[PDB]
């Protein structure tokens, strides 16, 4: 199965591969590289050609033409130097930036790129085709990408998923003026941000500023994810909004503050931790709820999903969104396929339900996150089908006698039952349901309705064990 790959993400694939080659202290055969990238051996060689020629003299790459290639750079340098070159060269990257940030006609854009219109227009058509799954379009006059504003911005941000930490794609926006504002938010929130995370929050601030400069602003938020206007994160952005409006001559209405605030909050997914997690959970919980409802509707498990099941769903969503604030993606490919072979129908179903969200959300869900959800839900199916019946032991004779009965029930039934040793505060249907009790075994009559009770003697008789057996 060839991996489905697109011309928009070529630069992403090259960067990840280059990183892979370096981390591994081993030889890479041309056959093996051809297969990672999915290209002709001759194309693997054109790339090695650029690589060898663009390495700084500091690094060394070996090629004995029988065992393949080997790359080692010093531990103190980063891959930034070559990574940036890959980006500055990527033609399709430049076109996507043009189409999102700049004024052009077909002919004007063809000019900047030193291309014949008959060379550009097939590429544009392909790009228009590829982005349909993202709910975007390319309109013809002026020549630009269009769609829901937040979808357009995340698209750009996702194409920058693995940019180096010192790579700034906006020459017409001075970085420090964004950095000053972030330093200030970091201070107000009394948190410390990882370098990469921060850089990427700067990049998202600049994507947003550039759009506002071009006339483009958010005029519709779906409700599924809003930063509450009383949250520390909305308010911390609101604090810097005036300095930002004055540095760059833009206007941030409420819904832009909320968006940047969401960005802020997400970039703190990891920081070098309490009130953060809480805003995180309140903000994402409604999405976790819609996802769960979506999937349940197709899987028909019949379960009620409790709050800690939904908290894991927030966790997985968080892993998804954090990809913007961590440079390099870890692979897991074997792990993923094992999950996919074990639960193929469930895997596809969840893929479908995630793909019916907004692009803002499903842009971040790959096979791995889907495999995460797949395990999450299949775990419930096993627990609901295999968990033993929970039993509450009620006795007029006090707690020593309660325990003694409890051990007798266990001696007899082992794993067909689970004794609930906590003392129930009262006998209302709510107190029983919040201990998830299925069966009460009592030596006393009780005013209780909708839940099997087996009245037994103060020491169970064989008749008692027989009644209990039936309803277990």
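Numbering follows the first chain given and starts at 1.
Student: None, 1 to 3, 4 to 9, or 10 or more: how many residues of the deposited sequence lack coordinates between residue 272 and residue 273?
Tutor: The entry leaves 1 to 3 residues without coordinates here.
Student: Pick between 397-405 and 300-308: the one whose mean CA B-factor in the entry is higher.
Tutor: Comparing 397-405 with 300-308, the higher average CA B-factor belongs to 300-308.
Student: Per the record, averaged over C-alpha atoms, which has the higher B-factor: 310-318 or 212-220?
Tutor: Between 310-318 and 212-220, it is 212-220 that shows the higher mean C-alpha B-factor.
Student: Quick one: which of 411, 31, 421, 418 has the biggest Cα B-factor according to the entry?
Tutor: So the option with the highest C-alpha B-factor is 31.
Student: For the listed residues 78, 105, 197, 360, which one has the largest C-alpha B-factor as given in the deposited model?
Tutor: Each of 78, 105, 197, 360 was compared by C-alpha B-factor; the highest is 78.
Student: Split into thirds by Cα B-factor across the chain's modelled residues, where does residue 11 land: lowest, middle or highest?
Tutor: CA B-factor rank for residue 11: lowest third.
Student: Compare the C-alpha B factor of residue 179 with those of the other modelled residues in its chain, then answer lowest, middle or highest third.
Tutor: Lowest third - that is where residue 179 ends up once the chain's C-alpha B-factors are sorted.
Student: Can you tell me whether residue 169 has a C-alpha B-factor in the lowest, middle or highest third compared with the other modelled residues of the same chain?
Tutor: For residue 169, the deposited C-alpha B-factor lands in the middle third.
Student: Ordered by C-alpha B-factor within the chain, which third holds residue 74? Give me lowest, middle or highest, please.
Tutor: As the PDB entry reports it, the C-alpha B-factor of residue 74 lands in the highest third of its chain.
Student: Could you place residue 160 in the lowest, middle or highest third of its chain by Cα temperature factor, using the values in the record?
Tutor: Answer is lowest: the recorded C-alpha B-factor places it there.
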